[PDB]
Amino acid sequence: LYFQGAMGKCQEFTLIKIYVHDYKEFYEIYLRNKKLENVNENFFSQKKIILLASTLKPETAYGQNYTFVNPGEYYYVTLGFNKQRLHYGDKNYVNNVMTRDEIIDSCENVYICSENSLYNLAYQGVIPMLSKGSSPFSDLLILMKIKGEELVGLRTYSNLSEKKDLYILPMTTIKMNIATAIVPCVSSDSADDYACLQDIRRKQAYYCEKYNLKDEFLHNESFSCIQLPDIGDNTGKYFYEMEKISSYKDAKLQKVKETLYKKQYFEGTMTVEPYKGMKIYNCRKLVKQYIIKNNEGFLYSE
């Protein structure tokens, strides 16, 4: 199993907070998908609504121009904490067992993420577990369950990106059994991200009828965070062209990504301050320290 060209098995993921810009645009989606009580407009106004995006390349987050979900598959909406809460108590694992009401008080953030991640997130203290004190079995508080389709086109930002008008775009090759299954799009420094964007632009028309997207939302710049020795920056682009990729489904792409991930990791250098000219492995660590220190994300293992 691979993620962004690397073996998923081996590393910590970095989860980055991708904020919804307008809670009403999210609330609309909630009302429509309710059809298929105190969870009001007023509830979503008092909470930050966050997609937990997963990445093994947090050094490229400056270059985030979109955010990818799988449109065919289901995502889960829950309540969790702003910083990891490491209550142990009676148990050896982390467990913030709360009632429906206690959860609604203590959780300032509405998180959106894959089914795969939930129990992992709960055991790493990011979300509470639900209880009425009458079952030994675990439970989570799920506000809703929606297909990634429904999220597409939502205006979103991160606090690490250069630009703040990032949109949710559809990627069908996202794997629902790898971390949160929401991934930053960085089309400058990822061949897979560049290829997905090209397809979507190449079919402006199709994607705009099927989803809630507009032509004008589909041309955001992605600042290129990584240089290679003789290639220069914009490596996502350069390897897409040199390996004649025609589609983000091209079966050939899986190995391009792997070749790119490694070449960046050992031979690449950083293009942004305060990391200019640094090696990826040194910068990556600094960015994760920054992300954790400012509560813009979480460390995540599964």
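Counting begins at 1, following the sequence as shown.
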- Task: Indicate whether the chain is continuous between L36 and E37 or, if not, how many deposited residues are absent from the coordinates: none, 1 to 3, 4 to 9, or 10 or more.
- Result: 4 to 9
- As the entry reports it, the stretch among 81 to 89 and 169 to 177 with higher mean C-alpha B factor is 81 to 89
- On mean C-alpha B-factor from the PDB entry, just flag whether 124 to 132 or 208 to 216 is the higher one. 208 to 216
- Peak C-alpha temperature factor (PDB record), options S246, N65, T60, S54: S246
- C-alpha B-factor winner, where the candidates are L151, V183, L228, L143: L228
- Relative C-alpha B-factor of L299, binned into the chain's lowest, middle or highest third: lowest
- Task: Looking at the entry's B-factor column for C-alpha atoms only, identify whether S222 ranks in the lowest, middle or highest third of its chain.
- Result: middle
- Give the position of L31 by CA B-factor within its chain, expressed as the lowest, middle or highest third. middle
- Message: How does the C-alpha B factor of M278 compare with the rest of the chain: lowest, middle or highest third?
- Response: highest
- Mind checking which third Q11 falls in for C-alpha B-factor across the chain? highest
